Each structure stands twice: as C-alpha cells, then as structure tokens.
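Coordinates from query-v5.cif are shown below (mmCIF, C-alpha atoms).
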```cif
data_start
#
loop_
_atom_site.label_atom_id
_atom_site.label_comp_id
_atom_site.auth_asym_id
_atom_site.auth_seq_id
_atom_site.Cartn_x
_atom_site.Cartn_y
_atom_site.Cartn_z
CA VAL A 17 0.00 0.00 0.00
CA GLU A 18 1.25 3.44 -1.03
CA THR A 19 -0.04 6.55 0.83
CA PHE A 20 -0.25 9.98 -0.86
CA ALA A 21 -1.11 13.52 0.16
CA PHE A 22 -3.93 15.26 -1.58
CA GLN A 23 -2.86 18.51 -3.15
CA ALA A 24 -3.74 21.28 -0.68
CA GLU A 25 -6.57 22.63 -2.87
CA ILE A 26 -8.25 19.22 -3.05
CA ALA A 27 -7.91 18.74 0.71
CA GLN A 28 -9.59 22.08 1.12
CA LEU A 29 -12.40 21.12 -1.31
CA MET A 30 -12.99 17.90 0.62
CA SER A 31 -13.15 19.71 3.93
CA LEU A 32 -15.61 22.24 2.53
CA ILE A 33 -17.82 19.36 1.28
CA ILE A 34 -17.64 17.57 4.61
CA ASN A 35 -18.11 20.58 6.91
CA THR A 36 -20.51 22.91 5.08
CA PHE A 37 -24.14 22.69 6.09
CA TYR A 38 -25.92 21.72 2.91
CA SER A 39 -29.07 19.56 2.86
CA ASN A 40 -29.36 18.61 -0.84
CA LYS A 41 -26.87 15.73 -0.57
CA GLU A 42 -28.68 13.49 -3.05
CA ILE A 43 -26.88 15.13 -6.00
CA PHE A 44 -23.87 12.92 -5.28
CA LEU A 45 -25.52 10.16 -7.29
CA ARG A 46 -26.00 12.19 -10.39
CA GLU A 47 -22.43 13.32 -10.25
CA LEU A 48 -21.08 9.79 -10.10
CA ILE A 49 -23.45 8.52 -12.78
CA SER A 50 -22.38 11.44 -14.96
CA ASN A 51 -18.74 10.46 -14.44
CA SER A 52 -19.63 6.88 -15.41
CA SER A 53 -21.34 8.03 -18.57
CA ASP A 54 -18.30 10.12 -19.50
CA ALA A 55 -16.05 7.07 -19.08
CA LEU A 56 -18.36 4.88 -21.16
CA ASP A 57 -18.27 7.54 -23.82
CA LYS A 58 -14.49 7.38 -23.85
CA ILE A 59 -14.24 3.63 -24.41
CA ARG A 60 -17.00 3.78 -26.95
CA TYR A 61 -15.12 6.41 -28.94
CA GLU A 62 -11.87 4.39 -28.83
CA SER A 63 -13.76 1.28 -29.96
CA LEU A 64 -14.96 2.98 -33.16
CA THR A 65 -11.49 2.77 -34.67
CA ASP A 66 -10.19 -0.22 -32.78
CA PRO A 67 -12.81 -2.82 -31.90
CA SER A 68 -10.18 -4.76 -29.90
CA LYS A 69 -10.59 -2.14 -27.14
CA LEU A 70 -13.77 -4.04 -26.22
CA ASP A 71 -12.06 -7.44 -25.83
CA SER A 72 -12.27 -6.68 -22.12
CA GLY A 73 -16.07 -6.48 -22.29
CA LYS A 74 -18.45 -5.26 -24.97
CA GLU A 75 -21.39 -4.28 -22.68
CA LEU A 76 -21.46 -0.63 -21.85
CA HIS A 77 -23.57 -0.02 -18.74
CA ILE A 78 -23.90 1.22 -15.16
CA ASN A 79 -24.97 -0.79 -12.13
CA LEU A 80 -26.11 0.60 -8.78
CA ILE A 81 -25.59 -1.88 -5.95
CA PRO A 82 -26.82 -1.15 -2.42
CA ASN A 83 -25.79 -3.47 0.46
CA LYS A 84 -27.44 -2.83 3.83
CA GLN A 85 -25.24 -5.28 5.69
CA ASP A 86 -21.98 -3.53 4.65
CA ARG A 87 -23.67 -0.12 4.56
CA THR A 88 -22.31 0.52 1.03
CA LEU A 89 -23.67 1.89 -2.21
CA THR A 90 -21.56 0.92 -5.18
CA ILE A 91 -21.63 2.57 -8.64
CA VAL A 92 -20.09 0.30 -11.30
CA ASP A 93 -19.46 1.08 -14.93
CA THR A 94 -17.73 -0.67 -17.76
CA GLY A 95 -16.12 2.51 -19.02
CA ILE A 96 -12.54 3.19 -20.01
CA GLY A 97 -11.18 2.84 -16.48
CA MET A 98 -8.13 4.64 -15.09
CA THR A 99 -4.44 3.99 -14.98
CA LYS A 100 -2.51 4.15 -11.75
CA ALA A 101 -1.21 7.57 -12.86
CA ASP A 102 -4.77 8.78 -13.50
CA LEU A 103 -5.81 7.65 -10.00
CA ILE A 104 -2.98 9.55 -8.38
CA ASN A 105 -3.64 12.60 -10.56
CA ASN A 106 -7.03 13.27 -8.96
CA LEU A 107 -8.86 10.40 -10.66
CA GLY A 108 -8.20 11.76 -14.20
CA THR A 109 -9.50 15.22 -13.35
CA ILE A 110 -7.99 18.66 -13.50
CA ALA A 111 -9.10 19.11 -9.91
CA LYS A 112 -6.74 21.86 -8.85
CA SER A 113 -8.13 24.26 -11.41
CA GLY A 114 -11.71 23.02 -10.98
CA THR A 115 -11.56 23.65 -7.29
CA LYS A 116 -10.40 27.22 -7.80
CA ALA A 117 -13.33 27.92 -10.14
CA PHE A 118 -15.84 26.24 -7.82
CA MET A 119 -14.67 28.31 -4.88
CA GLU A 120 -14.82 31.60 -6.83
CA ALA A 121 -18.32 30.56 -8.01
CA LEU A 122 -19.47 29.72 -4.51
CA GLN A 123 -18.61 33.38 -3.85
CA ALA A 124 -20.59 34.61 -6.89
CA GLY A 125 -23.75 32.85 -5.65
CA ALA A 126 -23.29 29.20 -6.60
CA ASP A 127 -24.12 26.30 -4.30
CA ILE A 128 -22.65 22.81 -3.79
CA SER A 129 -25.15 21.13 -6.16
CA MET A 130 -23.29 22.87 -8.96
CA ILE A 131 -20.02 21.07 -8.32
CA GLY A 132 -20.13 19.01 -11.51
CA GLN A 133 -20.11 22.17 -13.54
CA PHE A 134 -16.51 22.62 -12.25
CA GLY A 135 -15.32 19.12 -13.09
CA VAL A 136 -14.86 17.92 -9.49
CA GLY A 137 -18.17 16.12 -9.02
CA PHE A 138 -16.47 12.91 -7.83
CA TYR A 139 -15.69 14.60 -4.54
CA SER A 140 -19.43 15.04 -3.83
CA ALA A 141 -19.23 11.45 -2.70
CA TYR A 142 -18.03 12.90 0.64
CA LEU A 143 -21.47 14.44 1.16
CA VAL A 144 -22.68 10.94 2.07
CA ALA A 145 -19.67 8.64 2.51
CA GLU A 146 -17.16 8.42 5.33
CA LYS A 147 -14.81 6.39 3.13
CA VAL A 148 -14.69 5.93 -0.63
CA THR A 149 -12.94 3.03 -2.42
CA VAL A 150 -12.41 3.21 -6.19
CA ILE A 151 -11.53 -0.04 -7.94
CA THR A 152 -10.47 0.50 -11.56
CA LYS A 153 -9.12 -1.38 -14.56
CA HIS A 154 -7.94 0.27 -17.77
CA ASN A 155 -6.93 -1.79 -20.83
CA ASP A 156 -3.36 -0.36 -20.58
CA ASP A 157 -2.71 -1.25 -16.88
CA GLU A 158 -3.47 -3.62 -14.00
CA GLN A 159 -6.41 -3.40 -11.58
CA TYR A 160 -5.97 -0.85 -8.75
CA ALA A 161 -7.80 0.21 -5.59
CA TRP A 162 -7.76 3.83 -4.46
CA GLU A 163 -9.17 4.72 -1.11
CA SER A 164 -9.67 7.71 1.15
CA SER A 165 -11.54 8.67 4.30
CA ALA A 166 -10.46 12.31 3.64
CA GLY A 167 -8.19 13.81 6.28
CA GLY A 168 -5.58 14.76 3.68
CA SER A 169 -4.43 11.47 2.27
CA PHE A 170 -5.39 8.62 -0.03
CA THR A 171 -3.89 5.20 -0.69
CA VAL A 172 -3.33 3.16 -3.83
CA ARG A 173 -2.71 -0.63 -4.03
CA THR A 174 -3.11 -3.48 -6.51
CA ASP A 175 -6.42 -5.23 -6.30
CA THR A 176 -6.57 -9.02 -6.41
CA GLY A 177 -10.17 -8.61 -5.42
CA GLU A 178 -12.51 -9.92 -8.16
CA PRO A 179 -11.08 -8.99 -11.57
CA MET A 180 -13.50 -6.60 -13.31
CA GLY A 181 -12.52 -6.75 -17.00
CA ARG A 182 -12.55 -3.02 -17.51
CA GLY A 183 -14.14 -0.03 -15.83
CA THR A 184 -14.55 1.64 -12.50
CA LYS A 185 -16.37 0.75 -9.33
CA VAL A 186 -17.00 3.53 -6.72
CA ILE A 187 -17.78 2.03 -3.34
CA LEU A 188 -19.40 4.50 -0.92
CA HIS A 189 -19.07 3.48 2.72
CA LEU A 190 -22.03 5.55 3.94
CA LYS A 191 -22.18 7.75 7.02
CA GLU A 192 -24.46 6.36 9.67
CA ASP A 193 -27.15 8.99 9.10
CA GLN A 194 -27.13 8.54 5.33
CA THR A 195 -28.65 5.05 4.96
CA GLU A 196 -31.61 6.36 3.03
CA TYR A 197 -29.41 5.96 -0.05
CA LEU A 198 -29.57 2.19 0.36
CA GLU A 199 -33.35 2.10 -0.04
CA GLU A 200 -34.65 1.03 -3.41
CA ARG A 201 -37.46 3.60 -3.46
CA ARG A 202 -35.04 6.44 -2.69
CA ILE A 203 -32.39 5.42 -5.26
CA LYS A 204 -35.11 4.99 -7.89
CA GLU A 205 -36.46 8.45 -7.11
CA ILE A 206 -33.01 10.11 -7.38
CA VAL A 207 -32.17 8.36 -10.66
CA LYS A 208 -35.51 9.44 -12.18
CA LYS A 209 -35.08 13.01 -10.90
CA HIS A 210 -31.51 13.71 -11.99
CA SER A 211 -30.25 10.91 -14.29
CA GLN A 212 -33.19 10.39 -16.63
CA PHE A 213 -31.35 11.08 -19.88
CA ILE A 214 -28.15 9.00 -19.59
CA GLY A 215 -27.25 7.03 -22.73
CA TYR A 216 -26.45 3.72 -21.11
CA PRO A 217 -28.60 1.30 -19.08
CA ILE A 218 -28.65 1.91 -15.38
CA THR A 219 -29.58 -1.22 -13.45
CA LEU A 220 -30.59 -0.89 -9.79
CA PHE A 221 -29.81 -4.16 -8.08
CA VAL A 222 -32.27 -5.68 -5.56
CA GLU A 223 -31.29 -6.97 -2.09
#
```
Starting from the coordinates I provided, produce the structure as structure tokens.
Amino acid sequence: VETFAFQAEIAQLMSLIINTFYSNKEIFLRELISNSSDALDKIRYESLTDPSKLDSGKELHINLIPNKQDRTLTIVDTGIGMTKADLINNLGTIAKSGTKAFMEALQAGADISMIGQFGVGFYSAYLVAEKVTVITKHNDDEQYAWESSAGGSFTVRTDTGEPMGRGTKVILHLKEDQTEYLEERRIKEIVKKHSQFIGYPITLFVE
C-alpha cells in the first residue's frame, strides 16, 4: 500500500464538502453517474477505430448496488477505467483548477449542487460517505484500488479482489445517518429526478 497527500486545494475542497451545512446531498448520485457516462463515452469512442478495445467487455452499462449489511452503495461502470497515474492525478480530473473555479463561483452565488459544472463532481461522494474506495481497470494497466476517508491522504494498491474486465467501481461506505441511499425507493427516485437522460442502461440491483 502506497499513501499519498492530496494537493492542498483538493484537501480544502474535501473539507468544505464535509463541513458545510448543505441539505441537498442526493446530488452525489447524479455526479457519479455522470462520471460513469463520460467514461463509457471514452471507451466507446476508442472502440470505433479499434474494436479490440472491447475485448475486455463489450457491454457498456452502469450498475447501482446497495448493500445494507456492509452499509455501502456501489456505482459500477464498464467505461474506459483509469491507470494508476490517473488515479494519483485526482482520478483523471484537472481538480486543482476546478476547485479554484468552484470556490470563486461559490462566492458569486453558486451552491454545492453545482459542483459538476466545475469538473470535481467525484468529490461530492463525501457528502454521504465516510470512506470511498475506487476499484479501476484500464486496458493499458493492472487493476488498482484507491481509497480515502479524507483527512488529507489517499492510498493506492493493486487489487486481487474480483477482476473486473474493464471499468470503474466507486464504493461508498455511507455515514451512519445517510442510509436512506440504500433504499430502493429512494435510489429509484433520485435516478428518475436527476439521471433520466443517460445514454447507457442503469440497473438498480435488488437486495
């Protein structure tokens, strides 16, 4: 296991997300589904000129998996995945610059639900999760697990957990008071409200 420091700007973003009073937490799901869709779009585009890119799985989709025993909500996609370098580099984002914009905007009258407009929507996971684990597999690399409970650091390790073929799995270890996001009725409602026009199937698994 390797441990890394978040850039200071990202640590500050995370703390703002964790400590700011903001009731409309449910937007985290849309943000992560949006990220999944973007990743699926990337592998799809690469496949148009090189069909072999899909040897690691031709189905392009998103699964939502709640588990009340583990208190986790997992978002899985079969998108392009991320290399180890992408993981370290803010999960393939330009987060340093996105954070600066988001903070300026929060000053010009924006609110936290607008985070995705600044390219740092992944971090909205910390509205509801105490810990986030990201398992990822890109065609050009091995399978990796990133994890962070905030506090300024994240880890990266190889994952000999179940091989995934290709894609990304975001495992949200929910805060104790956020278990509503494990209820089928609630997840269904949020998907219909904010993720109605996504171009890939979204399957909500049953417990």
For the interface of stretch 48-86 of chain A with stretch 98-105 of chain A (cut-off 12 Å, counting all atoms listed in the file), please tabulate each contacting residue of stretch 48-86 of chain A alongside its nearest pair of atoms and their separation in Å to one decimal, rows sorted by chain and increasing number, as a tab-separated table.
```
residue	atom	partner	partner_atom	distance
A:52	CA	A:98	CA	11.7
A:55	CA	A:98	CA	9.2
A:56	CA	A:98	CA	11.9
A:58	CA	A:98	CA	11.2
A:59	CA	A:98	CA	11.2
```
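Here atom CA of residue A:133 and atom CA of residue A:32 stand 16.7 Å from one another.
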Item to check | Result set of the PyMOL selection byres ((chain A and resi 87) around 10) on the coordinates above, as a list in words | outcome: residues 82, 83, 84, 85, 86, 88, 89, 145, 188, 189, 190, 191, 192, 194, 195, 197 and 198 of chain A
Item to check | Target residues per the PyMOL selection byres ((chain A and resi 54) around 12), formatted as a ChimeraX atom specification | outcome: /A:47-53,55-61,76-78,93-97,108-109,135,183-184,214-216
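Between atom CA of residue A:30 and atom CA of residue A:129 the interatomic distance comes to 14.3 Å.
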Around all the atoms of stretch 165-178 of chain A listed in the file, draw an axis-aligned box and extend it by 8 Å on each of the six sides; I want its centre and edge lengths in Å to one decimal, as JSON.
```
{"center_x": -7.6, "center_y": 2.4, "center_z": -0.9, "size_x": 25.8, "size_y": 40.7, "size_z": 30.4}
```
Item to check | Residues selected by the PyMOL selection byres ((chain A and resi 174) around 12), written as a ChimeraX atom specification | outcome: /A:17-18,99-100,103,150-153,157-163,171-173,175-179
How would the residues just chosen look if you wrote them out with C-alpha atoms as a PDB file, in the coordinates of the input?
```pdb
ATOM      1  CA  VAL A  17       0.000   0.000   0.000  1.00  0.00           C
ATOM      2  CA  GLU A  18       1.250   3.440  -1.030  1.00  0.00           C
ATOM      3  CA  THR A  99      -4.440   3.990 -14.980  1.00  0.00           C
ATOM      4  CA  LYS A 100      -2.510   4.150 -11.750  1.00  0.00           C
ATOM      5  CA  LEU A 103      -5.810   7.650 -10.000  1.00  0.00           C
ATOM      6  CA  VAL A 150     -12.410   3.210  -6.190  1.00  0.00           C
ATOM      7  CA  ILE A 151     -11.530  -0.040  -7.940  1.00  0.00           C
ATOM      8  CA  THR A 152     -10.470   0.500 -11.560  1.00  0.00           C
ATOM      9  CA  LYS A 153      -9.120  -1.380 -14.560  1.00  0.00           C
ATOM     10  CA  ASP A 157      -2.710  -1.250 -16.880  1.00  0.00           C
ATOM     11  CA  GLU A 158      -3.470  -3.620 -14.000  1.00  0.00           C
ATOM     12  CA  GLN A 159      -6.410  -3.400 -11.580  1.00  0.00           C
ATOM     13  CA  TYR A 160      -5.970  -0.850  -8.750  1.00  0.00           C
ATOM     14  CA  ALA A 161      -7.800   0.210  -5.590  1.00  0.00           C
ATOM     15  CA  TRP A 162      -7.760   3.830  -4.460  1.00  0.00           C
ATOM     16  CA  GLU A 163      -9.170   4.720  -1.110  1.00  0.00           C
ATOM     17  CA  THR A 171      -3.890   5.200  -0.690  1.00  0.00           C
ATOM     18  CA  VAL A 172      -3.330   3.160  -3.830  1.00  0.00           C
ATOM     19  CA  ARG A 173      -2.710  -0.630  -4.030  1.00  0.00           C
ATOM     20  CA  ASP A 175      -6.420  -5.230  -6.300  1.00  0.00           C
ATOM     21  CA  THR A 176      -6.570  -9.020  -6.410  1.00  0.00           C
ATOM     22  CA  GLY A 177     -10.170  -8.610  -5.420  1.00  0.00           C
ATOM     23  CA  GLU A 178     -12.510  -9.920  -8.160  1.00  0.00           C
ATOM     24  CA  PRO A 179     -11.080  -8.990 -11.570  1.00  0.00           C
TER      25      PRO A 179
END
```
Next on the checklist: Just want the 12 Å neighbourhood of residue A:139, counted on all atoms listed in the file, with same-chain residues fewer than 5 positions away dropped. Output as a PyMOL selection string.
Outcome noted: chain A and resi 26-34+41+43-45+47-48+51+106-107+109+111+114-115+128-129+131-132+134+144-148+150+164-166+186+188
Save out the residues we just selected, C-alpha atoms, as a short mmCIF file (atom, residue, chain, number, x, y, z; two decimals), keeping the file's coordinate frame.
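Writing the result to selection.cif gives the following:
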```
data_model
loop_
_atom_site.label_atom_id
_atom_site.label_comp_id
_atom_site.auth_asym_id
_atom_site.auth_seq_id
_atom_site.Cartn_x
_atom_site.Cartn_y
_atom_site.Cartn_z
CA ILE A 26 -8.25 19.22 -3.05
CA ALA A 27 -7.91 18.74 0.71
CA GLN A 28 -9.59 22.08 1.12
CA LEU A 29 -12.40 21.12 -1.31
CA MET A 30 -12.99 17.90 0.62
CA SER A 31 -13.15 19.71 3.93
CA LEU A 32 -15.61 22.24 2.53
CA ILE A 33 -17.82 19.36 1.28
CA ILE A 34 -17.64 17.57 4.61
CA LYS A 41 -26.87 15.73 -0.57
CA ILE A 43 -26.88 15.13 -6.00
CA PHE A 44 -23.87 12.92 -5.28
CA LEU A 45 -25.52 10.16 -7.29
CA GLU A 47 -22.43 13.32 -10.25
CA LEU A 48 -21.08 9.79 -10.10
CA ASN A 51 -18.74 10.46 -14.44
CA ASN A 106 -7.03 13.27 -8.96
CA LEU A 107 -8.86 10.40 -10.66
CA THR A 109 -9.50 15.22 -13.35
CA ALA A 111 -9.10 19.11 -9.91
CA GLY A 114 -11.71 23.02 -10.98
CA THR A 115 -11.56 23.65 -7.29
CA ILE A 128 -22.65 22.81 -3.79
CA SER A 129 -25.15 21.13 -6.16
CA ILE A 131 -20.02 21.07 -8.32
CA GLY A 132 -20.13 19.01 -11.51
CA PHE A 134 -16.51 22.62 -12.25
CA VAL A 144 -22.68 10.94 2.07
CA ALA A 145 -19.67 8.64 2.51
CA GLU A 146 -17.16 8.42 5.33
CA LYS A 147 -14.81 6.39 3.13
CA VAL A 148 -14.69 5.93 -0.63
CA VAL A 150 -12.41 3.21 -6.19
CA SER A 164 -9.67 7.71 1.15
CA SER A 165 -11.54 8.67 4.30
CA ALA A 166 -10.46 12.31 3.64
CA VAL A 186 -17.00 3.53 -6.72
CA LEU A 188 -19.40 4.50 -0.92
#
```
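Here atom CA of residue A:20 is placed at a distance of 5.4 Å from atom CA of residue A:169.
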Hey, could you make a per-residue contact list for stretch 94-183 of chain A against stretch 70-73 of chain A with 8 Å as the cut-off, showing the nearest pair of atoms and its distance in Å to one decimal, counting only C-alpha atoms, sorted by chain and number, as a tab-separated table?
```
residue	atom	partner	partner_atom	distance
A:94	CA	A:73	CA	7.6
A:155	CA	A:72	CA	7.4
A:181	CA	A:72	CA	5.1
A:182	CA	A:72	CA	5.9
```
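Counting only C-alpha atoms, the residue from A:118, A:110, A:220, A:66 that sits nearest to residue A:203 is A:220.
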Generate the coordinates of N, CA, C and O atoms for stretch 25-43 of chain A; report them as a JSON list (two decimals), in the coordinates of the input.
```
[["chain", "number", "residue", "atom", "x", "y", "z"],
["A", 25, "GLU", "N", -5.29, 22.10, -2.38],
["A", 25, "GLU", "CA", -6.57, 22.63, -2.87],
["A", 25, "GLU", "C", -7.69, 21.58, -2.81],
["A", 25, "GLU", "O", -8.85, 21.87, -2.53],
["A", 26, "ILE", "N", -7.31, 20.34, -3.08],
["A", 26, "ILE", "CA", -8.25, 19.22, -3.05],
["A", 26, "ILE", "C", -8.60, 18.89, -1.60],
["A", 26, "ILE", "O", -9.73, 18.62, -1.27],
["A", 27, "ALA", "N", -7.61, 18.91, -0.71],
["A", 27, "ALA", "CA", -7.91, 18.74, 0.71],
["A", 27, "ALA", "C", -8.90, 19.79, 1.20],
["A", 27, "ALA", "O", -9.78, 19.53, 1.99],
["A", 28, "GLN", "N", -8.71, 21.01, 0.71],
["A", 28, "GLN", "CA", -9.59, 22.08, 1.12],
["A", 28, "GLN", "C", -10.98, 21.86, 0.56],
["A", 28, "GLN", "O", -11.97, 22.09, 1.28],
["A", 29, "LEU", "N", -11.08, 21.44, -0.73],
["A", 29, "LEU", "CA", -12.40, 21.12, -1.31],
["A", 29, "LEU", "C", -13.13, 20.06, -0.47],
["A", 29, "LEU", "O", -14.29, 20.16, -0.14],
["A", 30, "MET", "N", -12.42, 18.99, -0.15],
["A", 30, "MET", "CA", -12.99, 17.90, 0.62],
["A", 30, "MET", "C", -13.49, 18.37, 1.97],
["A", 30, "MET", "O", -14.56, 17.98, 2.42],
["A", 31, "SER", "N", -12.71, 19.19, 2.64],
["A", 31, "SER", "CA", -13.15, 19.71, 3.93],
["A", 31, "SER", "C", -14.38, 20.59, 3.80],
["A", 31, "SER", "O", -15.29, 20.49, 4.63],
["A", 32, "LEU", "N", -14.42, 21.41, 2.76],
["A", 32, "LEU", "CA", -15.61, 22.24, 2.53],
["A", 32, "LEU", "C", -16.82, 21.32, 2.35],
["A", 32, "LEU", "O", -17.88, 21.53, 2.93],
["A", 33, "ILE", "N", -16.69, 20.28, 1.54],
["A", 33, "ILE", "CA", -17.82, 19.36, 1.28],
["A", 33, "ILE", "C", -18.28, 18.66, 2.54],
["A", 33, "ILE", "O", -19.50, 18.48, 2.79],
["A", 34, "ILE", "N", -17.34, 18.28, 3.38],
["A", 34, "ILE", "CA", -17.64, 17.57, 4.61],
["A", 34, "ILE", "C", -18.24, 18.49, 5.68],
["A", 34, "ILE", "O", -19.12, 18.05, 6.42],
["A", 35, "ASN", "N", -17.75, 19.72, 5.78],
["A", 35, "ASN", "CA", -18.11, 20.58, 6.91],
["A", 35, "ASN", "C", -19.17, 21.61, 6.65],
["A", 35, "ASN", "O", -19.71, 22.15, 7.62],
["A", 36, "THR", "N", -19.48, 21.91, 5.41],
["A", 36, "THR", "CA", -20.51, 22.91, 5.08],
["A", 36, "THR", "C", -21.91, 22.34, 5.30],
["A", 36, "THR", "O", -22.21, 21.21, 4.90],
["A", 37, "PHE", "N", -22.77, 23.12, 5.93],
["A", 37, "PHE", "CA", -24.14, 22.69, 6.09],
["A", 37, "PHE", "C", -24.86, 22.86, 4.75],
["A", 37, "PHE", "O", -24.90, 23.94, 4.11],
["A", 38, "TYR", "N", -25.35, 21.76, 4.23],
["A", 38, "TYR", "CA", -25.92, 21.72, 2.91],
["A", 38, "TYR", "C", -26.82, 20.47, 2.84],
["A", 38, "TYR", "O", -26.34, 19.31, 2.86],
["A", 39, "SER", "N", -28.12, 20.68, 2.73],
["A", 39, "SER", "CA", -29.07, 19.56, 2.86],
["A", 39, "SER", "C", -29.28, 18.72, 1.59],
["A", 39, "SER", "O", -29.59, 17.56, 1.71],
["A", 40, "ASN", "N", -29.04, 19.28, 0.43],
["A", 40, "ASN", "CA", -29.36, 18.61, -0.84],
["A", 40, "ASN", "C", -28.24, 17.64, -1.25],
["A", 40, "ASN", "O", -27.66, 17.77, -2.30],
["A", 41, "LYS", "N", -27.99, 16.66, -0.38],
["A", 41, "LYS", "CA", -26.87, 15.73, -0.57],
["A", 41, "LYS", "C", -27.11, 14.78, -1.71],
["A", 41, "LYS", "O", -26.15, 14.20, -2.21],
["A", 42, "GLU", "N", -28.36, 14.57, -2.10],
["A", 42, "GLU", "CA", -28.68, 13.49, -3.05],
["A", 42, "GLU", "C", -28.03, 13.66, -4.40],
["A", 42, "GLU", "O", -27.98, 12.72, -5.17],
["A", 43, "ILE", "N", -27.52, 14.85, -4.72],
["A", 43, "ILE", "CA", -26.88, 15.13, -6.00],
["A", 43, "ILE", "C", -25.59, 14.32, -6.20],
["A", 43, "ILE", "O", -25.10, 14.23, -7.33]]
```
